[PDB]
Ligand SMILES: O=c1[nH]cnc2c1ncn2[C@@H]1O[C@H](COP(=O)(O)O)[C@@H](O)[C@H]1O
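Just the one chain here, the form deposited without inosinic acid (IMP), laid out as structure tokens.
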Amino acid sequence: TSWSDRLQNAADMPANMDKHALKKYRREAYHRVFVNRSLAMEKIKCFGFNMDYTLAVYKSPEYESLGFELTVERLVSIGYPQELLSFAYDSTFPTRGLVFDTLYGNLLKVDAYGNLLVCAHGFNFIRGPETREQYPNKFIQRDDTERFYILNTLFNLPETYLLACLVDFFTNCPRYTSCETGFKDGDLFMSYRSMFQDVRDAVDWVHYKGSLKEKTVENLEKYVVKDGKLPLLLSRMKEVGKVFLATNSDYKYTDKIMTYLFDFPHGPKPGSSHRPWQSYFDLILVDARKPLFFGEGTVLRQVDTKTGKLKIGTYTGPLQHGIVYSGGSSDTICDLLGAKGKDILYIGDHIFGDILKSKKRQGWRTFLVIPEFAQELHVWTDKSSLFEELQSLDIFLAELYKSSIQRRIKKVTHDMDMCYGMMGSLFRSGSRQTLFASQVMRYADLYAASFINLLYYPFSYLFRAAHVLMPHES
């Protein structure tokens, strides 16, 4: 049972729009919308979406394996050794949000301050004392974007496992000698940095040049979660305001995906005429080039929706029914929709290019979609006694200042983490929070395992957060 299974199970249930069942449905955790900063729903005039992993949620682990397999074949096709074809994607290993260190070839899990929580070389997990030889402060400067790459996305999931697979292979293949910053193969030296780049490159290639999008569109039921509730919600959003799409993907892909997502013998409610996905949107924009989209942007173009190709030149006309946009900026959306930032709830999955940047750069309200969260919640409520026991040992160890406690703490931590996978929870490693966690609280006003949980709150709802107080203020 993966996280995408949990979502598709909730996707298969019709929507019960009784005002009481709604209140009762969103009492269970898996249908709640969690609040990091207070949000008056009546002040939202525009609802924004990205597509990939928001409207279209890719079924795990089928889609990650397909991304892995395609990437492995691309590397082999440029001269990586054949053994890579013996690799197989293992969803139990990678947790989203790790930091790969191109200098020493380590996958690292870190907190909001760049403190090392977990270090693994290949599939070898390094313990506290042994990491200090390369990380003498148990600390990394995340700002050093030349050395450290953060695997923020679910697209990064297959490369996350791959980078481990690769380090482990070369470490243990006798044709290579291991060195501190890479592998020596007689007279070729492959640094972890160039090995990293090759992977990064081959992932890019399978999305933009290879067959990933092709093989996806030929089996959408296998790879894409469908939910008849999705047209319902969007329809209701259009009743109280405006709805727009701003995806990085291209209109041909966006047309294929969006058509499938709306492929039902009915419209928003069962029994209504079916409507084309574009009619649920007031403004459609593709090739968004996020995060550059929230700054200067790119040139605003117009799609020829028959040919799928862009019209030549810069588009200077107004927002029309039917028109589809390419490029532009976040200001394009504000100007054409007559909106201000805090009028806009922008629903997305990218913690950086969607959520952080629209908040910092524009003042947009944010809703963060976390696919895995559907499985993350399950593990949490089942294992809450372990975390409660952990909270207990911390408090007791704090009283002790008036030694076997510290070793029991590291043990219940280890056991709790493993329930989430080899790399542990998305949001923490024991009692210590992650960089990812920290970002979700700081930048995502609302968050959930799917934005469909918004169907279950009335449109007048005041999401409430607790006010933050400084130490001296309590």
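So that there is no doubt, residue numbering starts at 1 and follows the sequence shown.
Beyond what is shown, the protein has a form deposited with inosinic acid (IMP) bound; the following relates to that form.
Participant: Given that the partner is absent here, state which listed stretch (240-248, 182-190, 327-335, 304-312) has heavy atoms within 4.5 Å of inosinic acid (IMP) in the entry with it bound.
Facilitator: Every other range fails; the passing one is 240-248.
Participant: Report whether all of 6, 90 and 96 sit within 4.5 Å of inosinic acid (IMP) in the entry with it bound, measuring from non-hydrogen atoms.
Facilitator: The answer is no; none of 6, 90 and 96 reaches inosinic acid (IMP).
Participant: Under a 4.5 angstroms heavy atom criterion, identify the one residue in 281, 135, 155, 380 near inosinic acid (IMP) in the entry with it bound.
Facilitator: None of the others qualify; the residue that does is 155.
Participant: Looking at 203, 234, 355, 345, which has any heavy atom no more than 4.5 Å from inosinic acid (IMP) in the entry with it bound?
Facilitator: Checking each option against inosinic acid (IMP) in the entry with it bound, the one that comes within 4.5 Å is 203.
Participant: So in the entry with it bound, does any heavy atom of residue 266 sit within 4.5 Å of inosinic acid (IMP)?
Facilitator: Heavy-atom contact with inosinic acid (IMP) at 4.5 Å: absent for residue 266.
Participant: Verify the contact flag for residue 33: yes if a non-hydrogen atom of it lies within 4.5 Å of a non-hydrogen atom of inosinic acid (IMP) in the entry with it bound, no if not.
Facilitator: No, no contact at 4.5 Å.
Participant: Can residue 69 be called a contact residue for inosinic acid (IMP) in the entry with it bound at 4.5 Å between heavy atoms?
Facilitator: Outside the cut-off, so no.
Participant: Looking at the partner-bound form in the entry with it bound, is residue 74 within 4.5 Å of inosinic acid (IMP) by any heavy atom?
Facilitator: Looking in the entry with it bound, residue contacts with inosinic acid (IMP) do not include residue 74, since no heavy atom lies within 4.5 Å.
Participant: Does anything in 203-234 come within 4.5 Å of inosinic acid (IMP) in the entry with it bound by heavy atoms, and if so which residues, in order?
Facilitator: Sequence-ordered list: 203, 204, 207, 208, 213.
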